[PDB]
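# Reading the structure
This is what each chain is made of:
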Amino acid sequence: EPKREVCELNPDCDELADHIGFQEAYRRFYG
C-alpha cells in the first residue's frame, strides 16, 4: 500500500487518515 506508506510518513496526512482513511487522506494531500 504505497499510499499508506507515503501518508503514514507525514504526520498531517496520517492524522487526516485517522479520520477519513488513507486513500482519501492521500488524495487530499498528494492528489
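Structure determination for this entry, per the PDB record, employed X-ray crystallography and reached 1.33 Å resolution.

Looking at the PDB record, one finds the entry titled "Crystal structure of decarboxylated osteocalcin at pH 2.0".

## As for a nonpolar patch on the surface
Residues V6, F29 and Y30 make up a contiguous nonpolar surface patch of roughly 230 Å² in combined accessible area. Mapped onto the elements, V6 comes out in helix 1 (residues 2–8). Given a relative accessible area of 37%, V6 falls into the partly exposed group.

Parameters at a glance
- Residues numbered from 1 in each chain as written, not as in the entry; some residues may be left out.
- Heavy atoms only, no water.
- Patch = residues over 30% accessible without salt bridge, like charges linked within 9 Å, V, L, I, M, F, W, Y side chains within 5 Å.
- Areas by Shrake-Rupley, 256 points an atom, 1.4 Å probe, with all protein chains shown as cover.
- Salt bridge = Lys/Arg side-chain N within 4 Å of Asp/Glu carboxyl O.
- Helix = DSSP H or I, 4+ residues; strand = E, 2+ residues; numbered from the N terminus.
- Buried < 20%, exposed > 50% of the residue type's maximum accessible area, 1.4 Å probe, protein only.

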